[PDB]
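Each remark here refers to the structure printed beneath this line.
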Amino acid sequence: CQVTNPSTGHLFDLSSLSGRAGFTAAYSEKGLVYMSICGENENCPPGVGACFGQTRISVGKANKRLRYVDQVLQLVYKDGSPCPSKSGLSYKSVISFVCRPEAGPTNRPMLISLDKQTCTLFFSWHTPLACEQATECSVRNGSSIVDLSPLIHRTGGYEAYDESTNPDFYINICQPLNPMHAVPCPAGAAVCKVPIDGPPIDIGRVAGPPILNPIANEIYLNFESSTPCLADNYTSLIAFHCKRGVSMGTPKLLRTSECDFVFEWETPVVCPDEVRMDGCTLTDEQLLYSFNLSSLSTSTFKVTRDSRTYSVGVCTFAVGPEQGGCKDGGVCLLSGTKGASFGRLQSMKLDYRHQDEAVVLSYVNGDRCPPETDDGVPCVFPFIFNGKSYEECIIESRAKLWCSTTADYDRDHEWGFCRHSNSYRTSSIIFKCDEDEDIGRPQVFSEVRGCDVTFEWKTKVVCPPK
Amino acid sequence: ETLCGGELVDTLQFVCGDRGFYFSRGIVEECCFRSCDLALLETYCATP
Ligand SMILES: *[C@@H]1O[C@H](CO)[C@@H](O[C@@H]2O[C@H](CO)[C@@H](O[C@@H]3O[C@H](CO)[C@@H](O)[C@H](O)[C@@H]3O)[C@H](O)[C@H]2NC(C)=O)[C@H](O)[C@H]1NC(C)=O
Ligand SMILES: *[C@@H]1O[C@H](CO)[C@@H](O)[C@H](O)[C@H]1NC(C)=O
Ligand SMILES: *[C@@H]1O[C@H](CO)[C@@H](O)[C@H](O)[C@H]1NC(C)=O
């Protein structure tokens, strides 16, 4: 029940899960794998660590055999009940422990996939208990530090483009790849290659923190391997660009070197914090004169509609250093407990609408947009389950990641499978004219899927042609 | 090595799951009356 990395001598302790009552891994719709760690389960027959539903069909006997395999702590349950296939073959289960510094509800044993032939069950458990190092994800570009922490996929991974839905690659750029369904990407892998004929192969494992190019200011990130090439070890490198915009970008493939892999990612997070041209003012040559929005840059505002208490600050951080839930966020949807940004204050853009004679302020690149079910009905946070409140898509008694569509599941049993959006939250303010409103108040104009919020602010400032 | 009773039923949903499964010779003849592999079992999974 204890394994050490031969290189570092790091002690791993998994004894905080040694409960004989154990835990329940989820398969199918109402499927139950009663399982335990380091010890035998109680629902299963004596000696058996993991079993099946109505009948106690064993998928391996319980042992302490713990292995360190490339950042992962594998547990092997061998010698179960005989499986169909051929003579002598019994069931077995490989329960892996992958590093995940971010604590939460998805810290449970999941069933990622199964191999039919060898009668082997692949298991993945993502806990901070299986973590040696910290989350090295930030590098220094002079005096200002650049971080890649927002780009961490924490539900699954990034699907790669069909170079020449059927995927090809799966990518995670700091922490190891999160366990998906039916796709057996070896637990701990960062970059995964899935061929049409043949199982997924490990073409990427997280090496070190991102490196910096001195000349044209590019950032690179290396991902080595644990399996050999067809000319010798595999390798995969990801190059980063600076592409400002609404999209946060997605790792695309460019060069398929026979033993190497080149991925080119265009993202605004690999861009510096650009200081605004003319402070906090608007200048278009159509009118030629300027609008001084610095008068509104005085303090915080609380615009609220339908329980949703927003925080808006023109040219100022939404929530100040006191509460500070939404760092960098120019608009912050408060919950008092969490908080979610609707655009980094630094990404502020000012434009002139000629249709309505208005001034458009917009921030971009906040937090990840809310997940929806596969049907199209948005999820509802927070929701109750057995007596607990939940903030994101979870995996209790179900295979794929699921959410509730009501305020309470226990009460209404309404749900669907999550399909996450690869877009980030945006927020815009359309400044409209009013002469008697010296220092006016913004109001919620339109909320779209919680992925975009537009405010209408009526002020005296955006007027004078007198 | 026969696979009969509820021990065939529990194995069906373990392979088929949300896809569902049928029972149509039949599957009881192929895996319970005789011995089959899990490939001759997933042939009886309902089309995704
Ligand atoms: C656009 O509007 C802003 C805000 O009105 C202008 O900046 C502001 O300029 C005034 C000058 O009267 C500053 O007021 C001064 O404050 C100090 C205290 O720090 C006080 O001792 C003085 O008596 C005076 O009242 C004001 O602080 C400053 N804005 C802020 C809030 O920092 C700005 O100049 C205008 N844009 C242009 C055309 O440059
Ligand atoms: C690093 O900082 C310089 C500041 O001059 C900037 O020009 C460059 O774009 C930055 N490089 C990146 C993309 O991190
Ligand atoms: C790749 O090479 C390293 C040593 O450089 C070795 O530790 C690792 O096991 C190799 N991967 C394979 C082919 O298992």
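Identifiers in the structure tokens: chain A, B, ... in order shown; residue index from 1 per chain; ligand index from 1 in order shown.
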Q.
Report as a list in words all protein, DNA and RNA residues lying within 8 Å of residue B:21, evaluated on only C-alpha atoms, omitting residues in the same chain fewer than 4 positions from it.
A. residues 12, 13, 16, 17, 44, 45 and 46 of chain B
Write the residues of the selection above to a file with N, CA, C and O atoms, as a PDB file, in the first residue's frame.
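Okay, this is what ended up in again.pdb:
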ATOM      1  N   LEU B  12     -23.974  -9.249 -19.646  1.00  0.00           N
ATOM      2  CA  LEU B  12     -24.551  -8.580 -20.817  1.00  0.00           C
ATOM      3  C   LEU B  12     -24.499  -7.054 -20.715  1.00  0.00           C
ATOM      4  O   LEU B  12     -23.977  -6.382 -21.609  1.00  0.00           O
ATOM      5  N   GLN B  13     -25.035  -6.524 -19.617  1.00  0.00           N
ATOM      6  CA  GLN B  13     -25.084  -5.080 -19.373  1.00  0.00           C
ATOM      7  C   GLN B  13     -23.710  -4.492 -19.063  1.00  0.00           C
ATOM      8  O   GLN B  13     -23.498  -3.286 -19.195  1.00  0.00           O
ATOM      9  N   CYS B  16     -22.747  -4.379 -22.939  1.00  0.00           N
ATOM     10  CA  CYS B  16     -23.663  -3.568 -23.736  1.00  0.00           C
ATOM     11  C   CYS B  16     -23.999  -2.232 -23.079  1.00  0.00           C
ATOM     12  O   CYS B  16     -23.869  -1.178 -23.707  1.00  0.00           O
ATOM     13  N   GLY B  17     -24.433  -2.284 -21.822  1.00  0.00           N
ATOM     14  CA  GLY B  17     -24.729  -1.082 -21.047  1.00  0.00           C
ATOM     15  C   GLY B  17     -25.909  -0.294 -21.571  1.00  0.00           C
ATOM     16  O   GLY B  17     -27.003  -0.837 -21.740  1.00  0.00           O
ATOM     17  N   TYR B  44     -24.421  -9.474 -29.685  1.00  0.00           N
ATOM     18  CA  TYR B  44     -25.795  -9.391 -29.198  1.00  0.00           C
ATOM     19  C   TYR B  44     -26.121  -8.060 -28.511  1.00  0.00           C
ATOM     20  O   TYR B  44     -27.217  -7.891 -27.970  1.00  0.00           O
ATOM     21  N   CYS B  45     -25.172  -7.124 -28.530  1.00  0.00           N
ATOM     22  CA  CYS B  45     -25.420  -5.761 -28.055  1.00  0.00           C
ATOM     23  C   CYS B  45     -26.250  -4.997 -29.079  1.00  0.00           C
ATOM     24  O   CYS B  45     -25.997  -5.092 -30.285  1.00  0.00           O
ATOM     25  N   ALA B  46     -27.237  -4.247 -28.593  1.00  0.00           N
ATOM     26  CA  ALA B  46     -28.112  -3.458 -29.458  1.00  0.00           C
ATOM     27  C   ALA B  46     -27.345  -2.332 -30.137  1.00  0.00           C
ATOM     28  O   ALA B  46     -26.552  -1.633 -29.501  1.00  0.00           O
TER      29      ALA B  46
END
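The residues of chain B lying at most 8 Å from chain A, with only C-alpha atoms taken into account, are residues 1, 2, 3, 6, 7, 10, 13, 14, 16, 17, 18, 35, 36, 37, 38 and 39 of chain B.
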Q: Could I get the residue neighbourhood of ligand 1 at 8 Å, counting only C-alpha atoms and all ligand atoms, as an MDAnalysis selection string?
A: chainID A and resid 281 292:295 297:298
Q: Report as an MDAnalysis selection string: the residues of stretch 174-319 of chain A with a DSSP assignment of strand (DSSP E), based on the backbone of this structure.
A: chainID A and resid 191:193 201:206 211:212 219:224 236:242 252:255 262:267 281:283 290:292 304:305 308:312
Q: Residues within 10 Å of ligand 2 should be enumerated using only C-alpha atoms and all ligand atoms and returned as a list in words.
A: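 So the residues close to ligand 2 are residues 139, 140, 141, 142, 143, 144, 145, 146, 147, 212, 213, 214, 215, 216, 217, 218, 219, 240, 241, 242, 243, 267, 268, 269, 270, 271, 272, 273 and 274 of chain A.
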Residues contacting ligand 3 - anything with an atom at most 10 Å away, using only C-alpha atoms and all ligand atoms - can you give me those as a PDB file with N, CA, C and O atoms, in the first residue's frame?
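Full text of selection_35.pdb as output:
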ATOM      1  N   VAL A  69       4.524   3.665 -12.221  1.00  0.00           N
ATOM      2  CA  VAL A  69       4.717   3.613 -13.673  1.00  0.00           C
ATOM      3  C   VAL A  69       4.485   4.981 -14.333  1.00  0.00           C
ATOM      4  O   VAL A  69       3.350   5.367 -14.627  1.00  0.00           O
ATOM      5  N   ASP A  70       5.588   5.700 -14.545  1.00  0.00           N
ATOM      6  CA  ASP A  70       5.601   7.022 -15.189  1.00  0.00           C
ATOM      7  C   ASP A  70       4.556   7.984 -14.611  1.00  0.00           C
ATOM      8  O   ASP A  70       3.530   8.257 -15.244  1.00  0.00           O
ATOM      9  N   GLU A 224       7.296  13.830 -23.564  1.00  0.00           N
ATOM     10  CA  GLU A 224       8.024  12.616 -23.956  1.00  0.00           C
ATOM     11  C   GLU A 224       7.140  11.360 -23.968  1.00  0.00           C
ATOM     12  O   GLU A 224       5.951  11.446 -24.272  1.00  0.00           O
ATOM     13  N   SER A 225       7.716  10.201 -23.647  1.00  0.00           N
ATOM     14  CA  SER A 225       6.997   8.931 -23.782  1.00  0.00           C
ATOM     15  C   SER A 225       7.472   7.828 -22.836  1.00  0.00           C
ATOM     16  O   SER A 225       8.445   7.993 -22.097  1.00  0.00           O
ATOM     17  N   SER A 226       6.756   6.704 -22.877  1.00  0.00           N
ATOM     18  CA  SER A 226       7.109   5.489 -22.145  1.00  0.00           C
ATOM     19  C   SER A 226       7.089   4.269 -23.076  1.00  0.00           C
ATOM     20  O   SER A 226       7.295   3.136 -22.635  1.00  0.00           O
ATOM     21  N   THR A 227       6.838   4.516 -24.362  1.00  0.00           N
ATOM     22  CA  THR A 227       6.793   3.466 -25.387  1.00  0.00           C
ATOM     23  C   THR A 227       7.656   3.845 -26.603  1.00  0.00           C
ATOM     24  O   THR A 227       7.694   5.018 -26.986  1.00  0.00           O
ATOM     25  N   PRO A 228       8.343   2.854 -27.215  1.00  0.00           N
ATOM     26  CA  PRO A 228       9.351   3.134 -28.245  1.00  0.00           C
ATOM     27  C   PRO A 228       8.798   3.407 -29.646  1.00  0.00           C
ATOM     28  O   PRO A 228       7.697   2.969 -29.981  1.00  0.00           O
ATOM     29  N   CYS A 229       9.588   4.119 -30.449  1.00  0.00           N
ATOM     30  CA  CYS A 229       9.242   4.459 -31.829  1.00  0.00           C
ATOM     31  C   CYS A 229       9.529   3.288 -32.776  1.00  0.00           C
ATOM     32  O   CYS A 229       9.987   2.229 -32.341  1.00  0.00           O
ATOM     33  N   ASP A 232      13.697   3.205 -33.241  1.00  0.00           N
ATOM     34  CA  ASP A 232      14.531   3.106 -32.047  1.00  0.00           C
ATOM     35  C   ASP A 232      13.911   2.135 -31.048  1.00  0.00           C
ATOM     36  O   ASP A 232      14.572   1.673 -30.118  1.00  0.00           O
ATOM     37  N   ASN A 233      12.269   5.838 -28.359  1.00  0.00           N
ATOM     38  CA  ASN A 233      11.288   6.579 -27.573  1.00  0.00           C
ATOM     39  C   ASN A 233      10.558   7.655 -28.372  1.00  0.00           C
ATOM     40  O   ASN A 233      11.183   8.442 -29.086  1.00  0.00           O
ATOM     41  N   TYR A 234       9.230   7.667 -28.247  1.00  0.00           N
ATOM     42  CA  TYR A 234       8.375   8.677 -28.878  1.00  0.00           C
ATOM     43  C   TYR A 234       8.541  10.043 -28.218  1.00  0.00           C
ATOM     44  O   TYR A 234       9.038  10.145 -27.093  1.00  0.00           O
ATOM     45  N   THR A 235       8.120  11.089 -28.924  1.00  0.00           N
ATOM     46  CA  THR A 235       8.155  12.456 -28.400  1.00  0.00           C
ATOM     47  C   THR A 235       7.110  13.349 -29.073  1.00  0.00           C
ATOM     48  O   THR A 235       6.731  13.120 -30.225  1.00  0.00           O
TER      49      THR A 235
END
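Of note, atom CA of residue A:442 and atom CA of residue A:348 are spaced 17.2 Å apart.
On the backbone of this structure, DSSP gives helix (DSSP H, G or I) within stretch 203-318 of chain A to residues 268, 269, 270, 293, 294 and 295 of chain A.
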Need to verify the contact set: stretch 98-103 of chain A, 10 Å, only C-alpha atoms, exclusion of same-chain residues closer than 2 positions in sequence. Can you return it as a short mmCIF file (atom, residue, chain, number, x, y, z; two decimals) with N, CA and C atoms, in the first residue's frame?
data_model
loop_
_atom_site.label_atom_id
_atom_site.label_comp_id
_atom_site.auth_asym_id
_atom_site.auth_seq_id
_atom_site.Cartn_x
_atom_site.Cartn_y
_atom_site.Cartn_z
N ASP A 70 5.59 5.70 -14.54
CA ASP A 70 5.60 7.02 -15.19
C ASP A 70 4.56 7.98 -14.61
N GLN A 71 4.83 8.48 -13.40
CA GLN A 71 3.96 9.42 -12.67
C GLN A 71 2.67 8.80 -12.12
N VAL A 72 2.44 7.51 -12.40
CA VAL A 72 1.20 6.83 -12.01
C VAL A 72 1.47 5.73 -10.98
N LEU A 73 0.50 5.49 -10.10
CA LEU A 73 0.60 4.43 -9.10
C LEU A 73 -0.42 3.32 -9.40
N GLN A 74 0.03 2.28 -10.10
CA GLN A 74 -0.86 1.18 -10.50
C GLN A 74 -1.10 0.15 -9.40
N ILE A 95 -6.10 -0.89 -11.48
CA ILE A 95 -6.59 0.37 -10.92
C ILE A 95 -5.44 1.36 -10.76
N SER A 96 -5.43 2.36 -11.64
CA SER A 96 -4.36 3.36 -11.67
C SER A 96 -4.70 4.59 -10.82
N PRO A 105 -15.14 16.87 -6.49
CA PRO A 105 -16.03 15.71 -6.48
C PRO A 105 -15.63 14.60 -7.46
N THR A 106 -15.01 14.96 -8.58
CA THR A 106 -14.59 13.96 -9.58
C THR A 106 -13.36 13.15 -9.15
N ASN A 107 -13.04 13.22 -7.85
CA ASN A 107 -11.97 12.42 -7.25
C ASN A 107 -12.48 11.06 -6.80
N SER A 124 -9.16 4.21 -13.53
CA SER A 124 -8.46 5.46 -13.32
C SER A 124 -9.04 6.21 -12.13
N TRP A 125 -8.16 6.63 -11.22
CA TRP A 125 -8.55 7.42 -10.05
C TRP A 125 -7.63 8.64 -9.95
N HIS A 126 -8.23 9.83 -10.05
CA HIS A 126 -7.46 11.07 -10.05
C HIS A 126 -7.55 11.80 -8.70
N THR A 127 -6.46 11.73 -7.93
CA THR A 127 -6.39 12.36 -6.61
C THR A 127 -5.10 13.15 -6.41
N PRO A 128 -5.13 14.17 -5.53
CA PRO A 128 -3.90 14.85 -5.11
C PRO A 128 -2.99 13.96 -4.26
N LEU A 129 -3.53 12.82 -3.81
CA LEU A 129 -2.77 11.83 -3.04
C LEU A 129 -1.65 11.20 -3.86
N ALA A 130 -1.82 11.19 -5.19
CA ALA A 130 -0.85 10.61 -6.10
C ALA A 130 0.02 11.66 -6.80
N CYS A 131 0.30 12.76 -6.09
CA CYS A 131 1.08 13.86 -6.66
C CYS A 131 2.41 14.09 -5.93
N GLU A 132 3.49 14.12 -6.71
CA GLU A 132 4.84 14.31 -6.19
C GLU A 132 5.25 15.78 -6.24
N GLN A 133 5.30 16.34 -7.44
CA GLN A 133 5.69 17.74 -7.65
C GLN A 133 4.48 18.67 -7.53
N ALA A 134 4.73 19.96 -7.72
CA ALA A 134 3.66 20.95 -7.79
C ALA A 134 3.15 21.07 -9.23
N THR A 135 2.30 22.06 -9.47
CA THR A 135 1.75 22.29 -10.80
C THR A 135 2.55 23.37 -11.53
N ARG A 154 -9.93 20.13 -17.48
CA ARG A 154 -10.18 19.45 -16.20
C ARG A 154 -11.38 18.50 -16.22
N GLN A 175 -1.33 19.08 -16.43
CA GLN A 175 -1.70 17.89 -15.69
C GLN A 175 -1.92 16.75 -16.69
N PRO A 176 -1.81 15.48 -16.23
CA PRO A 176 -2.08 14.36 -17.13
C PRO A 176 -3.52 14.35 -17.64
N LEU A 177 -3.73 13.73 -18.80
CA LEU A 177 -5.04 13.68 -19.47
C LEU A 177 -6.13 13.08 -18.57
N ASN A 178 -7.27 13.76 -18.51
CA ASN A 178 -8.42 13.31 -17.72
C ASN A 178 -9.14 12.13 -18.35
N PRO A 179 -9.65 11.20 -17.51
CA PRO A 179 -10.21 9.96 -18.04
C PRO A 179 -11.54 10.17 -18.75
N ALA A 187 -3.55 5.70 -18.59
CA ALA A 187 -3.64 6.64 -17.47
C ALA A 187 -2.30 7.32 -17.20
N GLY A 188 -2.33 8.65 -17.16
CA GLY A 188 -1.12 9.44 -16.93
C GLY A 188 -0.59 10.12 -18.18
N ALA A 189 -1.02 9.64 -19.35
CA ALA A 189 -0.61 10.20 -20.64
C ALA A 189 -1.07 11.65 -20.79
#
(Q) as a ChimeraX atom specification, please: the residues near residue A:305 (cut-off 10 Å, only C-alpha atoms, same-chain neighbours under 6 positions excluded). (A) /A:443-445,447
**Q.** Spatial neighbours of residue A:304, 10 Å, only C-alpha atoms, chain gap at least 3 places, as a ChimeraX atom specification
**A.** /A:301,307-311,333-334,442-444
Q: Just give me the gap between atom CA of residue A:221 and atom CA of residue A:209 in Å, one decimal is fine.
A: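 So the answer is 7.0 Å.
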I want to know what sits within 12 Å of residue B:23, based on only C-alpha atoms, with residues of the same chain fewer than 3 positions away left out; could you give that as an mmCIF file with C-alpha atoms, in the first residue's frame?
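That gives us out.cif:
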data_model
loop_
_atom_site.group_PDB
_atom_site.id
_atom_site.type_symbol
_atom_site.label_atom_id
_atom_site.label_comp_id
_atom_site.auth_asym_id
_atom_site.auth_seq_id
_atom_site.Cartn_x
_atom_site.Cartn_y
_atom_site.Cartn_z
ATOM 1 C CA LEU B 8 -24.990 -14.230 -18.095
ATOM 2 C CA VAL B 9 -27.396 -11.308 -17.550
ATOM 3 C CA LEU B 12 -24.551 -8.580 -20.817
ATOM 4 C CA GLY B 20 -28.816 -2.435 -24.549
ATOM 5 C CA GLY B 26 -29.964 -17.681 -29.435
ATOM 6 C CA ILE B 27 -27.389 -16.312 -26.980
ATOM 7 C CA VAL B 28 -28.359 -18.773 -24.207
ATOM 8 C CA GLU B 29 -27.517 -21.600 -26.627
ATOM 9 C CA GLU B 30 -24.185 -20.033 -27.599
ATOM 10 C CA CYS B 31 -22.841 -18.986 -24.173
ATOM 11 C CA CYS B 32 -24.825 -21.015 -21.618
ATOM 12 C CA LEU B 41 -21.307 -11.648 -26.710
ATOM 13 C CA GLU B 42 -21.022 -8.065 -28.001
ATOM 14 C CA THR B 43 -22.581 -9.276 -31.257
ATOM 15 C CA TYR B 44 -25.795 -9.391 -29.198
ATOM 16 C CA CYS B 45 -25.420 -5.761 -28.055
ATOM 17 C CA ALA B 46 -28.112 -3.458 -29.458
#
